[PDB]
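Two versions of one and the same chain are coming, encoded as structure tokens; call them structure 1 and structure 2.
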Structure 1
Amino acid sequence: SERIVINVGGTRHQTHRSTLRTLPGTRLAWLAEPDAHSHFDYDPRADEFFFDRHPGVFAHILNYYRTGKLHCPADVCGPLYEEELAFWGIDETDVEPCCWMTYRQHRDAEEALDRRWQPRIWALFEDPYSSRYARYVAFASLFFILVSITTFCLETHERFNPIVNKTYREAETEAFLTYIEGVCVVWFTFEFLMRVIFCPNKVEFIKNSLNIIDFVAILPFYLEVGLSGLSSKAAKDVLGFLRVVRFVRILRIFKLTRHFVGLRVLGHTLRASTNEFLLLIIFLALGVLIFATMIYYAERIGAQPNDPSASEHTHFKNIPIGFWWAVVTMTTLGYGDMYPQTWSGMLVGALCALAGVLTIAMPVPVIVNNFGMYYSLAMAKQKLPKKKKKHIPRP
């Protein structure tokens, strides 16, 4: 008589058949049919149906059935409630906004985070420490990347570019640094040559950004060597262009840091928080423009309409330079190259400081907390090494 008792894991839940039918197409709606006594596990003597599930969360699922809103309990995790909803046939997109984010947190974080000697030669990058030879190769690669970066940094130092007035007063970098860069080049191009020759999935290897970086890093030395024969003025200009391009040597440390879990988590966080990064950029641009205009106008209060001497006493000659001042003041960087010198400009700068603090504190915590989730999940996955399931599902 409209009375149905559901025994979920030893706990008897009593509700109405109309309440069960309120959500058609689900297991509890099917149970509310006159044929459930034969279509389900039914007890004639006890006059109740049995279910080997978790009653505590069945209570909340039946609360959805009863009221019309699907919430999520805070005493169990999202994955557990998801398994129970899947078993009961409840659509997980019915979760109310008051619980959706907490319910999805873990799944969202997981989504964000996720010849016979030819294989041996291709194993040079895969777990280099696994083999002694590959570990030694990795150590040599670290040496020859650090040395290349050091040579690139030193080539710009004035000590290594004494001015030669014989050939014409121009500068000339020392040749020993070039020789060290050359030995770096020969070793690193040996590695690149073996990687390119012994290369499965050629399309993927070419598309690989790290390999592209390696190729564009090795190109300039060869191009400079070849073009030196031409020894033309246009060849000199192209040599200058090649020197400009030589900066790609610093990008070979991303290969070294590619195995770092913190770096991978940071990359995943950057991919996930694109909206927050765009929000930060837009906020910063708005504040920069507004405060540059405000300081420009506050530093000219009481000035003549067109007198050129109005701008002779203020660092803020124009609004574009106020942009730089505003970004520096908003980031609390405060270089001091430009600062207000009037009372009105002083008030404007104070407002700029507080506004920058607040507008940067708006989305940076969101990005930081996303990074926290992803880092914690990665560390947990490390601390939980793969092992036997220990559980046998039913035949």
Structure 2
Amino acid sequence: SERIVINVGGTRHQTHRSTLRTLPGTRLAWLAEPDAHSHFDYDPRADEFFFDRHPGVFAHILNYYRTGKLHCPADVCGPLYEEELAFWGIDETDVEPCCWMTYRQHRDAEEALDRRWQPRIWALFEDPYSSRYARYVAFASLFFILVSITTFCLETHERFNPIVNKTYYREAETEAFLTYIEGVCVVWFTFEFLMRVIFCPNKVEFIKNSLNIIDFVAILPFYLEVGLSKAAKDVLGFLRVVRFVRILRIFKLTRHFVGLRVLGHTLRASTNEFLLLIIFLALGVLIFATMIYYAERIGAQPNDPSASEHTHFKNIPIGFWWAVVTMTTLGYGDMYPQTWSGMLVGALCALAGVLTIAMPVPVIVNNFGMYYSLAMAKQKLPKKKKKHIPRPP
């Protein structure tokens, strides 16, 4: 009467029926009731109920019954404790904030990290290692993306844009070689795009796929040569700006990399820290721009009609630029303080920038480290054969 002995995995836990009776609806509560002999495993020889569970954590569960606050035992992996409290009926959203960030850590990382010829057609878009043709087409598309990017970067150069005379417009024209190489790359990319269009299951998600969007936007300007006078000039002007995306085709290749998927998950999972960093920088930039603009006017020469003639800080927005360059410890040197007051404000800006940049960035860095370790583990670990054949219920 009032003393009940729980036998968990061969370790006898003793407690009063009242302590079990505190938290109702849970399995131990039902144990405390007078109709428990039939309900649960029990032997009249020793008057102990037997549960075939880890005892080392049942200590902590029973502690939640005793004191009233549920904590995570720091000597067991989060998932192990999760499964134990799941069996005992304790709700997992009860743990104290002192032990919540380590408990809900692996599960946060885990959640963040998560007709006959049609297969052979689609095998050109599957993983490279999934076939030999796949690994060849992947190498070829890599070569052609690189050639496109190099053509772009060389097209913007001077050596390949000699000035010429047109009869009466004077301008610089691009070499023919570049246009020919661009045509070749467009032919290859359009062939690939048409072959991919051949098989397009769930065309809504195919259009929602950012990669295919980038491909089509990148292939639009060249194919607009036939389509393209007054509107034609504006559309060409925006067509150069569209061609600006042609470097974005490199993500098609780098998507199969692991570190980049981890980086995408890190970014999408650390929005709060990015917003925090941007707010810190905005406040710092504004405050220090105002401070330096006013400091640099103290020593202004009275003779000059303008308020500031000898200082780079002729207004506050210029202060914004200097404040960013100085807080990130970049320090180009295009504009710097030139008055003792300006120098004081500048030293404060450098130190405050180091601090308010080093506040949230370590949070973000720890997120990436955790996700990368987990992803590399899940990649390295050989595929299991589920050695444990579970017993029937």
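One-based numbering along structure 1's sequence throughout. What we label the rigid core is the largest C-alpha set whose atoms superpose within 1.5 Å from one form to the other.
Checklist line | From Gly302, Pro162, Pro320, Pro97, residue displaced between structures 1 and 2 - CA threshold 2 Å or more, rigid core | finding: With the rigid core superposed, the residue that stands out is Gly302.
Check: Taking the rigid core as reference, does the Cα of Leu251 move 2 Å or more between structures 1 and 2?
Finding: Where the cores coincide, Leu251 shows only a C-alpha shift between structures 1 and 2 that is less than 2 Å.
Checklist line | Per-residue C-alpha change between structures 1 and 2, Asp75, threshold 2 Å, rigid core fit | finding: Where the cores coincide, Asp75 shows only a C-alpha shift between structures 1 and 2 that is less than 2 Å.
Check: Would the C-alpha of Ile212 be classed as shifted by 2 Å or more between structures 1 and 2 after rigid-core alignment?
Finding: Stays below the 2 Å threshold, so no.
Notebook entry, point to check: What Cα shift, in Å, does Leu239 show between structures 1 and 2 once the core is superposed?
Noted result: Core-aligned C-alpha shift comes out at 2.1 Å.
Margin query: Core-aligned, what does the C-alpha of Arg264 shift between structures 1 and 2, expressed in angstrom?
Written below: C-alpha displacement of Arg264 between structures 1 and 2: 0.1 Å.
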